[PDB]
Amino acid sequence: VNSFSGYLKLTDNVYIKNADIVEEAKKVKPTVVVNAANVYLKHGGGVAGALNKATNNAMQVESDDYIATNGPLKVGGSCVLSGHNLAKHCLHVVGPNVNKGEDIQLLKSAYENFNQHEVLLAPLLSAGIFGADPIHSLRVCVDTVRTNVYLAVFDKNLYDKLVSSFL
Ligand SMILES: O=C(O)c1cncc(-c2ccccc2)c1
């Protein structure tokens with residue numbers, strides 16, 4: 001049994017809710033919240049900007065030190081950093097950004113990072129300002145992630161379309 005409330009069950013392991021991921025993280029304090037990260041961990045917009053704002057920029061400060069030591073992530077890669085006031089840990093995952101011309105096949109690689117964590121609160125990778133089709137992102141999620149994932153979708157309209165169209 002876990003804390004997550006109000007989710008629709010899509011599969012054995014994937015759940016979905018119309019929710020503001022910062023507000024959900026603040027309520028649940030999950031072990032892992034996933035950030036929609038980029039290679040230089042610059043949390044300025046989309047999910048990264050909202051999560052970082054909710055940490056009063058502490059996520060960005062920590063991330064800048066991580067990059068100064070380790071260099072950029074790979075597209076499709078991830079790192080584990082603090083969850084600050086939102087979660088125990090933040091899994092920063094880099095989905096491909098279609099608005100930069102990145103290969104959408106890297107979306108499956110991105111989702112594979114979730115399998116290293118038994119339970120996660122996450123957004124749909126590569127959705128929003130990353131430019132991918134969220135319907136496609138949900139399909140890759142269901143077909144790739146085997147651990148228990150609780151998806152928060154910001155737009156009510158999009159949430160209803162994702163559920164109605166789910167095979
Ligand atoms: O649900 C998403 O895929 C999503 C994409 N871009 C931004 C957001 C967002 C926007 C404001 C607050 C918290 C999350 C969610």
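Just the heavy atoms: all of them, side chains too, but no hydrogens, waters or symmetry mates, feed the values below. Numbers here are sequence positions counted from 1. We count ligands from 1, going down the list as the structure has it; atoms in each ligand are counted the same way.
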Parallel, tilted or perpendicular: which describes the rings of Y15 and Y150, with under 30° parallel and over 60° perpendicular?
parallel
- request: Indicate whether the side chain of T31 and that of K88 have a donor and an acceptor atom separated by less than 3.5 Å.
  value: no
protein heavy-atom neighbour closest to atom 5 (C) of ligand 1 works out as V47 CG2, 4.0 Å
In ligand 1, the atoms that come under 4.0 Å of a heavy atom of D20 are 12 (C), 13 (C)
If you compare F154, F130, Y159 by their heavy atoms, the one closest to atom 15 (C) of ligand 1 turns out to be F154
Which of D64, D65, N57 passes side chain to side chain contact (heavy atoms under 4.5 Å, CB included) with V61? It is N57
Original post:
Do any N or O atoms from the side chain of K9 and from the backbone of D12 form a donor-acceptor pair under 3.5 angstrom?
Top reply: yes
Closest heavy-atom approach to atom 3 (O) of ligand 1 among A132, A127, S137 is made by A127
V153 heavy atoms within 4.0 Å reach ligand 1 at atoms 1 (O)
Contact between ligand 1 and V22 is defined here as a heavy atom of the residue under 4.0 Å from a ligand atom; is it met?
no
Between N13 (side chain) and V145 (backbone), is there a donor-acceptor pair under 3.5 Å?
yes
